[PDB]
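A single chain comes next, written as structure tokens; it is the form deposited in one PDB entry.
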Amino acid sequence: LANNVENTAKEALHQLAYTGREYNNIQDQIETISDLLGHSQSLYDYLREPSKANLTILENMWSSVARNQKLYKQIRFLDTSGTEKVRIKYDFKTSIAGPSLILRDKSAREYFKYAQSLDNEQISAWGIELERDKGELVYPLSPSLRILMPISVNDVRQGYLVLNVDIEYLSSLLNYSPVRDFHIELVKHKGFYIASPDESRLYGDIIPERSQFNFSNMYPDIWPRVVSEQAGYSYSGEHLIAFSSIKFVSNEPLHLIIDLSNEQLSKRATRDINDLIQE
């Protein structure tokens, strides 16, 4: 063991660096596309002349962008009062995008009050937070990182572009490595889980029956190492945890964790290329 724990920890550290680079790339892709949507001719045309015809052109464009990019669960334009005016929804499982006529007043949401505080054409983002409809949680639960940009015409604010980056999709895309056979969990700065192969530990800050699933409660002596935002590992005698930190469209850290119990560690002793084949 001792050496096998260590060798596994070294592999997991490589995996954490790999996956951190993938999130950094996703962030660059989101920054670029948010800037293009906020400066787009189709949106400009609609805001100048919000005819049904121009709304259709905008909706078709956003639906195309959602199908092409996959990581936006919604793309919306809210007016200055916080009422949704344009709302494209995308479902990654089916690949269907299209507009909804279910348009709500979002003015009570904190992410909206934050967007109002931004300058014209300034792109910023809200912390990861579950989606809601009329204040009720959307189920299945939907953690979103909302990109926010007030949009102006001749210096007069028209509303806000809002893009909901779908953390469940990104987790599904990024957080399992078939070659190294590792699952990466995402743990927020507050200690609660927003992605895991174990669904039952998610969102303990929101779901009462899960409030025990905080990394700081689970691994009190390992938590400080994670909070340091350095990459490293710790082994408690029962779990090997390898950890790293990134900043993903946020000034707060997001911690990426590979947590393997003794039982799981024993088995990768067996690992052979023939195991990878071909699944």
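Each form is matched to the other, and the largest set of C-alpha atoms that superpose within 1.5 Å is called the rigid core. Note that residue numbering begins at 1 and tracks the sequence as displayed.
S.K.: Averaging CA B factors per stretch from the PDB record, which one is higher: 139-147 or 173-181?
M.R.: Averaged over C-alpha atoms, the B-factors run higher in 173-181.
S.K.: Look over 17-25 and 263-271 in the entry and identify the one with the greater average Cα temperature factor.
M.R.: Per the PDB entry, the higher value belongs to 263-271.
S.K.: If you check the C-alpha B-factor for each of 198, 84, 129, 110 in the entry, which is highest?
M.R.: Of 198, 84, 129, 110, 198 has the highest C-alpha B-factor.
S.K.: Hey, out of 34, 244, 63, 212, whose CA B-factor is highest in the deposited coordinates?
M.R.: Of the options given, 212 has the highest CA B-factor in the PDB entry.
S.K.: Would you mind checking where the Cα B-factor of residue 100 ranks among the modelled residues of its chain, as the lowest, middle or highest third?
M.R.: According to the entry, residue 100 has a C-alpha B-factor in the chain's lowest third.
S.K.: If you rank the chain by CA B-factor, which third does residue 248 end up in: lowest, middle or highest?
M.R.: It belongs to the lowest third of the chain when residues are ordered by C-alpha B-factor.
S.K.: Where does residue 88 sit by CA temperature factor within its chain: lowest, middle or highest third?
M.R.: Within its chain, residue 88 is a lowest-third residue by C-alpha B-factor, going by the deposited values.
S.K.: Compare the C-alpha B factor of residue 159 with those of the other modelled residues in its chain, then answer lowest, middle or highest third.
M.R.: Lowest third - that is where residue 159 ends up once the chain's C-alpha B-factors are sorted.
S.K.: Would you please rank residue 59 by its C-alpha temperature factor against the other modelled residues of its chain and give the third it falls in: lowest, middle or highest?
M.R.: It belongs to the lowest third of the chain when residues are ordered by C-alpha B-factor.
The same protein also exists as the form deposited in another entry; that form is not shown, yet it is the one meant from here on.
S.K.: Only one of 97, 174, 128, 86 crosses a C-alpha shift of 2 angstroms between this form and the one not shown, counting 2 angstroms or more, core aligned. Which residue?
M.R.: That would be 128.
S.K.: Using a rigid core superposition, assess whether residue 183 undergoes a CA shift of 2 Å or more between this form and the one not shown.
M.R.: No; residue 183 is a residue whose C-alpha shifts by less than 2 Å between this form and the one not shown when the cores are overlaid.
S.K.: Hey, does residue 204 budge by 2 Å or more at the Cα between this form and the one not shown once the core is superposed?
M.R.: No, the C-alpha position differs by under 2 Å between this form and the one not shown.
S.K.: Taking the rigid core as reference, does the Cα of residue 194 move 2 Å or more between this form and the one not shown?
M.R.: Stays below the 2 Å threshold, so no.
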